[PDB]
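Asker: Sharing the initial chains of the complex here, in place:
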Amino acid sequence: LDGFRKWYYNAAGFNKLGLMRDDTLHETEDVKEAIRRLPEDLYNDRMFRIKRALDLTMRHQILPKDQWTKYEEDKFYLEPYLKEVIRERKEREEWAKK
């Protein structure tokens, strides 16, 4: 399962643009709240990675293979911050039903 997940990570292809997994999340309301709660350096790296991926997609290029994002290396930075947004979101919801 670990090797097949690495093979699917190579087949997804966002590592060839230098992106992380959390860069590829669709910005819903909860995702934008999690992005807003990021520290400044992580937010700046995320915006630069997104801009570089957009530029590479503009020129129809990819990064060189040494510059790709290694599956093992990818960091799920937004995840911790996101869970909270969802948790808080759900809590408010249940309370609504009260």
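Answerer: Ah, there it is. Numbers count the residues shown, from 1 in each chain, chains lettered A, B, ... in the order given.

Asker: In contact with the closest residue in space to residue A:78 that isn't next to it in sequence, which residues?
Answerer: Nearest non-adjacent residue to residue A:78, counting by CB to CB, 6 or more residues apart in numbering: residue A:22, 3.7 Å away. From N, CA and C alone the C-beta is placed, and that goes for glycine too. Residue A:22 makes contacts with A:46, A:75, A:76, A:77, A:78, A:79, A:82, as judged by CB atoms under 8 Å, 6 or more residues apart in numbering.

Asker: try residue A:78
Answerer: Contacts of residue A:78 (CB under 8 Å, 6+ apart): A:22, A:25, A:31, A:34, A:35, A:38, A:46.

Asker: Same question for residue A:37.
Answerer: So residue A:37 contacts A:81, A:84, A:85 (CB under 8 Å, 6+ apart).

Asker: Just the buried ones from the contacts of residue A:78?
Answerer: A:22, A:31, A:34, A:35, A:38, A:46 (16 or more other CB atoms under 10 Å).

Asker: wait, what's in contact with the fourth one?
Answerer: Contact criterion CB under 8 Å, 6+ apart gives A:27, A:43, A:46, A:78, A:81 as the residues in contact with residue A:35.

Asker: Which one of those residues is nearest to residue A:68?
Answerer: Nearest to residue A:68 out of these is residue A:46 (CB to CB; 17.3 Å).

Asker: so who does that closest one touch?
Answerer: A:20, A:22, A:23, A:35, A:38, A:77, A:78.

Asker: If we use 7 Å, what do you get?
Answerer: The contact partners of residue A:46, by CB atoms under 7 Å, 6 or more residues apart in numbering, come to residue A:23.

Asker: what about it, helix or strand, and which?
Answerer: Per DSSP states H and E: residue A:46 is located in helix A:40-58.

Asker: in that helix, what's buried?
Answerer: In helix A:40-58, counting by 16+ other CB under 10 Å, buried: A:46, A:49, A:50, A:53, A:56.

Asker: Could you measure from residue A:23 over to residue A:36?
Answerer: From residue A:23 across to residue A:36, the span is 16 Å (CB to CB, to the nearest Å).

Asker: In terms of packing, which of these two has more residues around it?
Answerer: Neighbour count, other CB atoms under 10 Å: between residue A:23 and residue A:36, residue A:23 has more, with 19 against 10.

Asker: hang on, that one packs against residue A:49?
Answerer: Yes: with contact defined as CB atoms under 7 Å, residue A:23 counts as touching residue A:49 (5.7 Å).

Asker: and chain B on top of that:
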Amino acid sequence: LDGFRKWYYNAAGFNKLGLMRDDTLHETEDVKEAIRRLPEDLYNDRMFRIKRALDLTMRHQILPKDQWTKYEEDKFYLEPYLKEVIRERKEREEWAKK
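Answerer: Take a look at chain B, now in place beside the chains above:
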């Protein structure tokens, strides 16, 4: 000529709405610059007189005859301020011409 000017002042009919002569001027750029240079009390009386005239025109009424604006009493307040706007305006124009 003085009596015929009073007769024309009665025939114009803005005194029946309580307006002054300078309230009836069309607000061009020079007129708005002269209005902006007015003191606060004169500006507030002008805005109240215009609002009262608009309300009277809404109800298709006029003021009672004792409350009309006597030709002799009308004050050309905006005039002094206006001349300047025109003078300054012309001076600037001339400078550009030359």
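
Asker: Take the contacts of residue A:22 again, chain B included.
Answerer: Residues in contact with residue A:22, defined by CB atoms under 7 Å, 6 or more residues apart in numbering or on different chains, are A:76, A:77, A:78, A:79.

Asker: could I get those as TSV with secondary structure and distance to residue B:12?
Answerer: Below are these laid out as TSV (DSSP: H, G, I helix; E, B strand; the rest coil; distance: CB to CB, whole Å):
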residue	secondary structure	distance to residue B:12
A:76	coil	80
A:77	coil	77
A:78	helix	73
A:79	helix	78
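
Asker: List buried residues within those residues.
Answerer: A:77, A:78 (16 or more other CB atoms under 10 Å in any protein chain shown).

Asker: TSV for the contacts of residue A:22, including distance to residue B:91?
Answerer: Shown next, in TSV, are the contacts of residue A:22 (distance: CB to CB, whole Å):
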residue	distance to residue B:91
A:76	70
A:77	65
A:78	64
A:79	69
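
Asker: Excluding sequence neighbours, find me the nearest residue to residue A:27.
Answerer: Spatial nearest neighbour of residue A:27, excluding adjacent residues (CB to CB, 6 or more residues apart in numbering or on different chains): residue A:35 at 7.0 Å.

Asker: and the one you found, helix, strand or coil?
Answerer: helix (DSSP: H, G, I helix; E, B strand; the rest coil).

Asker: where's it relative to residue A:18, distance?
Answerer: Residue A:35 is 18 Å from residue A:18, by CB to CB.

Asker: And for residue A:91?
Answerer: 36 Å.

Asker: Neighbour count: those two, which is higher?
Answerer: Set residue A:91 next to residue A:18 and count neighbours by other CB atoms under 10 Å in any protein chain shown: residue A:18 wins out with 18 against 10.

Asker: Tell me if I'm right that the more buried one and residue A:53 touch.
Answerer: Yes: using CB under 7 Å, residue A:18 is in contact with residue A:53, at 6.3 Å.

Asker: coming back round to it: so how far is residue A:77 from the residue nearest to residue A:27?
Answerer: According to CB to CB, residue A:35 stands 10 Å off from residue A:77.

Asker: swap in residue A:87?
Answerer: 17 Å.

Asker: Over to residue A:36?
Answerer: 14 Å.

Asker: most centrally placed residue in chain A?
Answerer: Most central in chain A under CA atoms, centre = their mean is residue A:22, positioned 1.1 Å from the mean C-alpha point.

Asker: List the contacts of residue A:81.
Answerer: By CB under 7 Å, 6+ apart, the contact list for residue A:81 reads A:34, A:37, A:38.

Asker: tell me the phi and psi of it?
Answerer: When quoted as degrees, to the nearest 10, the phi and psi of residue A:81 stand at phi -60, psi -30.

Asker: throw chain C on there as well:
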Amino acid sequence: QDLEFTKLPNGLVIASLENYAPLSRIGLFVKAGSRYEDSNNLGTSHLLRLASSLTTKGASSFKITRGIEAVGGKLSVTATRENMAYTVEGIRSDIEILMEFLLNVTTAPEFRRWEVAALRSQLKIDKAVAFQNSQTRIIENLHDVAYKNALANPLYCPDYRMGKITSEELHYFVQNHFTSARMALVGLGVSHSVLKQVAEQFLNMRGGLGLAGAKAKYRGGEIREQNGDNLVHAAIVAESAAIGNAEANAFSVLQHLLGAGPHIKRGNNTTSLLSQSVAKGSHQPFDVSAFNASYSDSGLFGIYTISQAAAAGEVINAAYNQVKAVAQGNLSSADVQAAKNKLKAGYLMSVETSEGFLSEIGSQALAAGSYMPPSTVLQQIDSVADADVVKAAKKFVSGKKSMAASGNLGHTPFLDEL
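Answerer: Chain C goes in next, on the same frame as the chains above:
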């Protein structure tokens, strides 16, 4: 049921009174005022005061706010330069979860960075609302010019420090001043037992004595604020007695002799020696009173004047001259007896209400660890005697003064002229 004041081993001073009241009140008192900051973390206590509804380890901000409003209870934070007090009140059937919320807020905050980043704008708004009146600004200026390090720190956050207070500063302040030896949990309308059980599930883990504050040092001086107000506000104070001395009782008797607020609506507060000494010479509107603020290491006593800018000078002089008369022994025993009656009636009406009673017990706890029955006080105030009052006066008339003035100060005198 006399307060069952008991000091748990750690240091927490638990106290309670089962008044069998419909609406109870439970407060927690910490020696964590604004005097415990230094020049590197100014305004941290203001953000800590405004950060009582933040996410805690045990309850979120949404859960705390909706749970306190669900039972209709109230959570408030009152802060002086020495002490902070977090108070909850509500129906007896909901004070269990009210103590859950309050003890979570006191003991286990999280201080998330996005929450404090949202709170700094509220900090600016609260400071503007607080400085909408001249008395607050002139007292903050008076403390800033009167003291050097400790009591000179403002209750409200400075303008440059907004945007600079971090989560780490709040965590450091809480970890260094919210310890069990500086805390008293006081409950009116509750059983003492429960206070103790909540005092072990909470309030017992942080048990150091914390970070000791610096001794406050007097400096003197005068700060003036020309801002074009219609009335000139001026406070002239000097160093006085601290909490825990009979000279503090003498200074309280001295402010009630000089005048400490009107008792009659639209009265002229006839008796106030100050008010009389001003009103015999000036027909302009005025308001002259005596100011006294005593903290556990130092006190400020002086005069407070509001007057028309023009007369601002001699009115201040007249008020000052009246205190000099009291410094020369020019007083009557009936006036001192009336001052004692005014002071003791003010104390009894201060403790007549439930939240004032809870605050008093709280303060006494942190200050002396003991409860002083209202009765005891009455006889101690009586202990103050005429000469004692005179003595405190001479202290004021001699000690270097500190002057905070604001308004149109073209005719407001200086300290070397005063």
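
Asker: since we added chain C, can you redo the contacts of residue A:22?
Answerer: The contact partners of residue A:22, taken as CB under 7 Å, 6+ apart, are A:76, A:77, A:78, A:79.

Asker: quick one: the last one from chain C, how far?
Answerer: Meaning residue A:79. Noted for residue A:79: a distance of 16 Å to chain C, by CB to the nearest CB, to the nearest Å.

Asker: where's that residue relative to residue A:52, distance?
Answerer: According to CB to CB, residue A:79 stands 22 Å off from residue A:52.

Asker: in chain C, what residue is nearest chain A?
Answerer: In chain C, no residue comes nearer to chain A than residue C:114, which is 4.6 Å away by CB to the nearest CB.

Asker: Name the helix or strand for that residue, please.
Answerer: Using DSSP H and E, residue C:114 falls in helix C:113-130.

Asker: Mind giving me the packing neighbours of the very next helix or strand once past that helix?
Answerer: Downstream of helix C:113-130, the next assigned helix or strand under DSSP H and E is helix C:134-146. With contacts taken as 3 or more CB pairs under 7 Å, 6 or more residues apart in numbering or on different chains; DSSP states H and E, helix C:134-146 sits against strand C:221-226, strand C:231-240, strand C:401-407.

Asker: Helix C:134-146: which residues count as buried?
Answerer: Of all the residues in helix C:134-146, those buried under the rule 16+ other CB under 10 Å are C:134, C:137, C:138, C:139, C:140, C:141, C:142, C:143, C:144, C:145, C:146.

Asker: repeat for stretch C:114-132
Answerer: For stretch C:114-132, burial by neighbour count (16+ other CB under 10 Å) applies to C:114, C:115, C:116, C:119, C:120, C:123, C:126, C:127.

Asker: In chain A, what residue comes closest to chain C?
Answerer: residue A:37 (4.6 Å).

Asker: what about that residue, distance to residue C:110?
Answerer: Separation of residue A:37 from residue C:110 (CB to CB): 13 Å.

Asker: now residue A:22
Answerer: For residue A:22, the distance to residue C:110 - CB to CB - is 23 Å.

Asker: Which strand residues bridge the closest residue to residue C:260 other than its chain neighbours?
Answerer: Leaving aside its sequence neighbours, residue C:260 sits nearest to residue C:290 (CB to CB, 6+ apart; 5.7 Å). Counting by DSSP bridges, residue C:290 forms beta bridges with residue C:303.

Asker: residues contacting residue C:290?
Answerer: C:255, C:258, C:259, C:260, C:274, C:303.

Asker: since we're on the last one, how many residues are nearby?
Answerer: Counted with other CB under 10 Å, the burial measure for residue C:303 works out to 23 neighbours.

Asker: same deal with the third one?
Answerer: The number of residues packed around residue C:259, counting by other CB under 10 Å, is 27.
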